[PDB]
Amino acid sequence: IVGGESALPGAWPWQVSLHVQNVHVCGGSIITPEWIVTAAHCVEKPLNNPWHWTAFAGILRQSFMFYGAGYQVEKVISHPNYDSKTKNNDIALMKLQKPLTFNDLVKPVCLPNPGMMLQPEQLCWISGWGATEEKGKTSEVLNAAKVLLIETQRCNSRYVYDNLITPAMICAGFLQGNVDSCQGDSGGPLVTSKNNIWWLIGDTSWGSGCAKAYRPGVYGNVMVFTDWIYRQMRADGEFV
């Protein structure tokens, strides 16, 4: 997160840190006690196997994620139509071995429903432990920032992303820059408040640099993915 501020406890209770080899790699979002929404590029081979992955919830500081606080990941499911080259359909699911315990520090974010009637420049929030500067290091503290939705027509302009934004993607940020997601924020939440409920509208996917003008953040369009998410969750419920 570039241009943001440090998050308070319980401010983003759905945010998790995803670890491999005792090191933060990606963000994710709790939607049930068992299921986490993250990005498919986080789990490209060799990190497609679930045993590499640990999730930390309710902890703001990376140095406070001690050995024993993590939840072991049991399943990793990348979107079947993920494209490494274009980052199209950049979403994946992670199921934990043991269900999370929900309280003021750890709660799920709501999956978006059809008919949210979001504004074209809807006010949104992003959070994560990503770098606070382009090409910088992983942040010790969880940060968050306000970003506005950017209509795909404007984002696909010749001077922004030039037709690279697919219907499975949305843009959020500022065309002037200075406030953006960055390396290590990917897989994390893009959320908006509506009807006094926080909704997950995006998962942090890619972008050209960080906080550069005319290069806003691109997010997996979680609305497009809900049908796939529900089928995965129902299919797992019927056992496998």
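Rigid core here is just the name for the largest C-alpha set that superposes within 1.5 Å across the two forms. Residue numbers here begin at 1 and follow the sequence given.
Taking the root mean square of CA deviations in 7 other deposited structures of this protein after fitting on the rigid core, 102-110 and 68-76 differ, and the farther of the two is 68-76.
Between stretches 229-237 and 3-11, greater average Cα displacement in 7 other deposited structures of this protein relative to the shown form, fitted by the core, falls on 229-237. Mean CA B-factor, 208-216 versus 53-61: the higher value falls on 208-216. Relative to one another, 103-111 and 131-139 have unequal mean CA B-factors, and 131-139 is the one with the higher figure. Annotation for residue 230: C-alpha temperature factor in the middle third relative to the rest of the modelled chain, per the entry. When the CA B factors of the chain's modelled residues are split into thirds, the value for residue 93 lands in the lowest one. In this PDB entry, the Cα temperature factor of residue 79 sits in the middle third of its chain's modelled residues. Remark: residue 66 belongs to the middle third of its chain, ranked by C-alpha B-factor as recorded. The entry lists a Cα temperature factor for residue 181 that places it in the middle third of the chain's modelled residues.
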